[PDB]
Structure formats: C-alpha cells, structure tokens
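A closer look at the structure
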Amino acid sequence: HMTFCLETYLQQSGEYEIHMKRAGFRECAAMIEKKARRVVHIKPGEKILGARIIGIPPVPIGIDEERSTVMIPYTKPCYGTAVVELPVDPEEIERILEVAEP
C-alpha cells in the first residue's frame, strides 16, 4: 500500500503537493478520503515532499501537535485537509527523516 504519484492528483482534481516526490505509503489511503473533506488516518507512513507544500495558495492556519497525535490543519486548499495520527511513538520520525523523499 503506497503511492508516489503527486501530480496525478492534479490531473484528477487539484494539486496538494509540490512537483517533487511524495512518499505516501500509509497516507495513500488517507489521500483518497482527504479529497472529500478532511480525513484522519491512523498509522500514517508517508512523507510528503519532505516539506508539506500544497502548491495551491491556502490558509496558513494549523494545529500540528505531535506525529503520534493528530494534526488539525486549517489550511483551505482546493483539495481537502490531511489529518494524520500515529498510534506508535514518534520513533517513526527517524525513518520519516530519510523517507522525506525516497
């Protein structure tokens, strides 16, 4: 379960990533649901572009707590919002640092 296609979402509806490299392993499920409104995905394993860039000018508000907690972004794009929550410790961040862009 994984998808690295970013610009393909643009071809479908709208962009939500930067034309870099997205690593959406577990968030691959979330992205599908994120298109609807805003969805939280438990056990995320993505790394979007290394840095989260929607590409579309959004509202820069957001409450990111921890990786092992939900992040409640108030970014209004032309796609949807991403909420991720890992039930595992932020120890996953070590891989995530590398997985920034595989």
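Look a little higher up for the structure.
Below: a short report on this structure. (Residues numbered from 1 in each chain as written, not as in the entry; some residues may be left out. Heavy atoms only, no water.)

The next subject is the overall build of the protein chain. Assigned secondary structure in the protein chain consists of three helices and six strands. For the protein chain, the N- to C-terminal ordering of α and β elements is α-β-α-β-β-β-β-β-α. Radius of gyration (C-alpha) of the protein chain: 12 Å, near the 13 Å computed for a compact globule of 102 residues. Referenced to the eigenvectors of the C-alpha coordinate spread, the extents of the protein chain come out at roughly 35 × 25 × 20 Å. (Helix = DSSP H or I, 4+ residues; strand = E, 2+ residues; numbered from the N terminus. Rg over C-alpha atoms; globule rule 2.2 N^0.38 Å.)

Here we take up the side chain of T81. Relative to the helices and strands, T81 is located in strand β6 (residues 81-85). Residue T81 is classed as buried on the basis of its relative accessible area, which comes to 1%. Looking at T81, its side chain comes within polar contact range of the side chain of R38, at 3.1 Å. The residues contacting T81, other than those within four sequence positions of it, are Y16, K34, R37, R38, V39, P73 and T75. (Buried < 20%, exposed > 50% of the residue type's maximum accessible area, 1.4 Å probe, protein only. Polar contact = N/O pair within 3.5 Å; in protein donor to acceptor, adjacent residues only side chain to side chain. Contact = heavy atoms within 4.5 Å.)

Attention now moves to the environment of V39. Tracing the backbone through its elements, the reader meets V39 in strand β2 (residues 38-42). A C-alpha to C-alpha distance of 6.8 Å links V39 and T81, two positions 42 residues apart in sequence. Not counting the four nearest positions on each side in its chain, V39 is found in contact with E33, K34, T81, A82 and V83.

Next up on the list: a negative patch on the surface. A grouping of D64, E65, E66 and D89 is seen on the molecular surface, where their side chains present a negatively charged patch. Note on placement: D89 falls in the loop between β6 and α3 (93-98). For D89, a relative accessible area of 53% corresponds to the exposed category. (Patch = residues over 30% accessible without salt bridge, like charges linked within 9 Å, V, L, I, M, F, W, Y side chains within 5 Å. Areas by Shrake-Rupley, 256 points an atom, 1.4 Å probe, with all protein chains shown as cover. Salt bridge = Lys/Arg side-chain N within 4 Å of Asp/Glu carboxyl O. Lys, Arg positive; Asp, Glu negative; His and termini not counted. Charge placed at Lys NZ, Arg CZ, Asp CG, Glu CD.)

This part takes up the environment of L6. By the secondary structure assignment, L6 is in the segment before α1 (7-10). Looking at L6, the relative accessible area reads 10%, which means it is buried. Taking C-alpha positions, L6 is 14 Å from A82, a pair spaced 76 residues apart along the chain. Apart from the residues lying within four places of it in its own chain, the contact partners of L6 are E15, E17, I18, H19, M20, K21, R22 and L49.

Moving on to the packing of aromatic side chains. The geometry of an aromatic ring pair is captured by the separation of the ring centres together with the interplanar angle, meaning the angle of the planes. One pass over the structure, following the stated rule, counts three aromatic pairs. Pairing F4 with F25 gives two aromatic rings, centres 5.1 Å apart and planes at 85 degrees, and the pair type is edge-to-face. Within this pair, whereas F4 is found in the segment before α1, its partner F25 is found in the loop between β1 (22-24) and α2 (27-34), the two being separated by 21 residues in sequence. Look at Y16 and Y79: their rings are 4.3 Å apart centre to centre, the planes differ by 10 degrees, and that puts the pair in the stacked class. With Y16 in the loop between α1 and β1 and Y79 in the loop between β5 (71-74) and β6, this residue pair connects regions lying 63 residues apart in the sequence. The exposure classification of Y16 matches that of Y79, with both residues buried. Joined through ring pairs, the aromatic side chains of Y9, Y16 and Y79 make up one cluster. (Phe/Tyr/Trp six-rings, centres within 6.5 Å; stacked < 30°, edge-to-face > 60°.)

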